[PDB]
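A.B. asks: Before I ask anything, let me first share the structure, which is written out below as structure tokens.
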Ligand SMILES: N=C(N)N1CCC[C@@H](CNC(=O)C[C@H](NS(=O)(=O)c2ccc3ccccc3c2)C(=O)N(CC(=O)O)Cc2ccccc2)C1
Ligand SMILES: *[C@@H]1O[C@H](CO)[C@@H](O)[C@H](O)[C@H]1NC(C)=O
Ligand code: NA
């Protein structure tokens, strides 16, 4: 249930 | 954190979240000690029996957070890891002895009102403050109960939690557990006869046990949330890595690397 | 000299105290 973070950090 | 309460904004500016990339989940707490170094528990990263062995690429560090789940765009900073260092004589085989690990950030973080490092203790501070009956503070986004009813009970906190716990006499710590406890550990929590409660719980691990010095007004990290038997059980105590006893290793790693 | 640490911008640095730190300090004087 995390808000999504910039996908640059998730590769 | 069991039987704690909501933190105030900016009450623990050194609190770090260890975030797993995929799946997205909360791994452990940690603490900021300079602009490029983070301190946590070894067992958050490495435990061979459950084939647990995380890597610089497996994780994100999130600094400056209040909410457990929000992306706090204005306030938090997200960093990648350059390198992880685990104490070479970390004993995962029998008692989690030397449960400590350092993490070097890829880039330095800019401090702000919500991001600030905690002090590590010198010999004089450690000797004055680490005494049975004195209280420290634990913070984290870990569980609010050991166990709860699925899809009804709560659960996990929505903001950072805080509890204050007393340090306990070495003899009582020993008597309370069949585990071989070393001089790299201390235990804290209330005794059954005292009428207050409180403990760390799943997800609080790796986070800081801190104390405030009345003479210079500074906060010192004396411990790291390490292990315990359940959460907030009567006649049981949480065990913490003894940060001062292990300061020479910290000192070596930061100086050499 | 030594880098600043353990003084929170929104507390120590503005002379405000958090809700429960008084509990920590009193533990010292029993
Ligand atoms: N009450 C507390 N303050 N703590 C610290 C925060 C997590 C709490 C709940 N977590 C647990 O109750 C699970 C397990 N306990 S245990 O009694 O099974 C236990 C105790 C000591 C042990 C020493 C060596 C090997 C196994 C041991 C297992 C454990 O501590 N942890 C740590 C945790 O929850 O982070 C699980 C764990 C142990 C070792 C490696 C990975 C995970 C316990
Ligand atoms: C864990 O993984 C790292 C990097 O892949 C490796 O070098 C290390 O030996 C591993 N350790 C264990 C105990 O599996
Ligand atoms: Na207890």
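Along the chain as shown, the residues are counted starting at 1.
If you check the header, you will see the structure was determined by X-ray crystallography, 2.8 Å.
Cβ coordinates are placed from backbone N, Cα and C, and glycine is handled just like the others.
Reproduced below are the annotations present in Swiss-Prot:
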{"type": "ACT_SITE", "residues": "B:43", "note": "active site, charge relay system"}
{"type": "ACT_SITE", "residues": "B:99", "note": "active site, charge relay system"}
{"type": "ACT_SITE", "residues": "B:205", "note": "active site, charge relay system"}
{"type": "DISULFID", "residues": "B:28-B:44", "note": "disulfide bond"}
{"type": "DISULFID", "residues": "B:173-B:187", "note": "disulfide bond"}
{"type": "DISULFID", "residues": "B:201-B:231", "note": "disulfide bond"}
{"type": "DOMAIN", "residues": "B:1-255", "note": "domain 'Peptidase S1'"}
{"type": "CARBOHYD", "residues": "B:53", "note": "N-linked glycosylation site"}
A.B. asks: Out of B:53, B:205, which of the recorded positions is least crowded by other Cβ atoms within 10 Å?
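C.D. replies: Each of the recorded positions B:53, B:205 was scored; lowest Cβ tally within 10 Å is B:53.
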A.B. asks: Among the disulfide-bonded residues B:44, B:173, which residue has the largest number of other Cβ atoms within 10 Å of its own Cβ?
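C.D. replies: Comparing the disulfide-bonded residues B:44, B:173, the most crowded Cβ belongs to B:44.
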A.B. asks: Name the secondary structure element type, per DSSP in three states, that contains residue B:173 (disulfide bond).
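C.D. replies: In three-state terms, residue B:173 (disulfide bond) counts as helix.
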A.B. asks: Given the recorded positions B:44, B:201, B:205, B:231, which lie within 10 A of residue B:53 (N-linked glycosylation site) by CA-CA distance?
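C.D. replies: So far as Cα distances go, the recorded positions lying within 10 Å of residue B:53 (N-linked glycosylation site) are B:44.
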A.B. asks: Under 8 Å between C-beta atoms and at least six apart in sequence, can you list the same-chain neighbours of residue B:28 (disulfide bond), or say none if there are none?
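C.D. replies: Non-local contacts for residue B:28 (disulfide bond): B:18, B:40, B:41, B:44, B:203, B:205, B:206, B:207.
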A.B. asks: Spatially, which candidate from the disulfide-bonded residues B:173, B:187, B:201, B:231 is nearest to residue B:99 (active site, charge relay system), comparing Cα atoms?
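C.D. replies: Minimum Cα distance from residue B:99 (active site, charge relay system) across B:173, B:187, B:201, B:231 lands on B:187.
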A.B. asks: Which one is closest to residue B:43 (active site, charge relay system) in space, judged by CA to CA distance, out of the disulfide-bonded residues B:187, B:201, B:231?
C.D. replies: B:201
A.B. asks: Counting across all protein chains shown, how many other Cβ atoms sit within 10 Å of the Cβ of residue B:43 (active site, charge relay system)?
C.D. replies: 21
A.B. asks: Within 10 angstroms of the C-beta of residue B:187 (disulfide bond), what count of other C-beta atoms is obtained when all protein chains are considered?
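C.D. replies: Around residue B:187 (disulfide bond), other Cβ atoms within 10 Å: 25.
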A.B. asks: Which recorded positions, if any, among B:28, B:43, B:53, B:173, B:187, B:201 have a Cβ under 6 Å from ligand 2, given in order along the chain?
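C.D. replies: From B:28, B:43, B:53, B:173, B:187, B:201, counting a Cβ under 6 Å from ligand 2 as near, the near ones are B:53.
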A.B. asks: With Cβ-Cβ distance below 8 Å and at least 6 positions apart along the chain, what are the contacts of residue B:231 (disulfide bond)? List them in sequence order.
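C.D. replies: Residue B:231 (disulfide bond) has long-range Cβ partners B:2, B:143, B:145, B:146, B:199, B:200, B:201, B:202.
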